[PDB]
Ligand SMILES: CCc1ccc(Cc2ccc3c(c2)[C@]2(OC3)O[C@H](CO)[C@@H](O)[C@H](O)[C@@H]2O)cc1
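Here you get one chain, nothing else, as structure tokens; it is the form solved without the ligand.
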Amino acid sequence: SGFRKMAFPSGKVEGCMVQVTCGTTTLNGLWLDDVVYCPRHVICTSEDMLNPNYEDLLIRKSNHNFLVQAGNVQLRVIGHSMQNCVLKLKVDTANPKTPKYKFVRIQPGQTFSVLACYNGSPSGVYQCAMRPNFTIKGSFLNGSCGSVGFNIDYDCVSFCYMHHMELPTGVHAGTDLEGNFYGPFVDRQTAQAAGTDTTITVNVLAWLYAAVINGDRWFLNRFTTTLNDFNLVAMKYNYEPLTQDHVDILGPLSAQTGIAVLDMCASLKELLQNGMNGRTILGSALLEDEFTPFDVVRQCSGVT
């Protein structure tokens, strides 16, 4: 019993974190095999950040200008390249703690754990989701750049995010491990406003299923709805449209609880229309959307 915002165990990723310094800028790097991945803005001064030409700035840098430190020992940089918004620093030593890994590009609504780091050292781990506007609501201070987001499937770490910046609004933007930003964000200190942060409907429904499995059932009503009727209500409340693919994904939770997906949609529609009335669901006074149907199944089943 109980349902918590749970992150993956971070050990495998802690063994990959290094400090990268270029000139006066220090941030974090991810060391996998003989390559250290880090945000390309490590080459920028605070002034360069206003309008950087990364190709031009990188010409003034050599291998010896990138200082890579792994747990108080210096790594030798024998090559460097820019791939989109990340730098790949080839080092002469393969990371002995390299886990099995993949680089994945996630879709909005997908969750992942972040290992927040400073100066190559881990400070904490938390769970978040790729928002529908392609921002993440993290907890990052200056120097956290290069901290990564990941999911674990048994022994394989799928790296999906690398932190690059905080928007003027306090929300966060970054890239996949190929250096491509999620959303329309650029690594420049310029006017970048995020779009509507809509609620991830399929995740709210998954969390309502977790609530039923954990005994919190007060919100279950005597109604049902259709996908089209539910979506008229969802659009009005800034919830993402629910598709038949989402209904299919909720199948296992629907089967476990015996609650048809469309019945849970009708319960959620009434919660949107009536509010919580001062009540809570799984200790929350708002509808939680940073648990995917997969996270709910995983947590409720005890996947290790």
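Heads up: residue numbers just count along the shown sequence, starting at 1.
This next part talks about the form deposited with the ligand bound, which is not shown.
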{"property": "Proximity of residue 213 to the ligand in the deposited bound form, heavy atoms at 4.5 Å", "result": "yes"}
{"property": "Interface membership of residue 261, the ligand in the deposited bound form, 4.5 Å heavy atom rule", "result": "no"}
{"property": "Proximity of residue 69 to the ligand in the deposited bound form, heavy atoms at 4.5 Å", "result": "no"}
{"property": "In the deposited bound form, residue 266 touching the ligand (heavy atom, 4.5 Å)", "result": "no"}
{"property": "Contact set, 269-304 vs the ligand in the deposited bound form - heavy atom within 4.5 angstroms", "result": "297, 300, 301"}
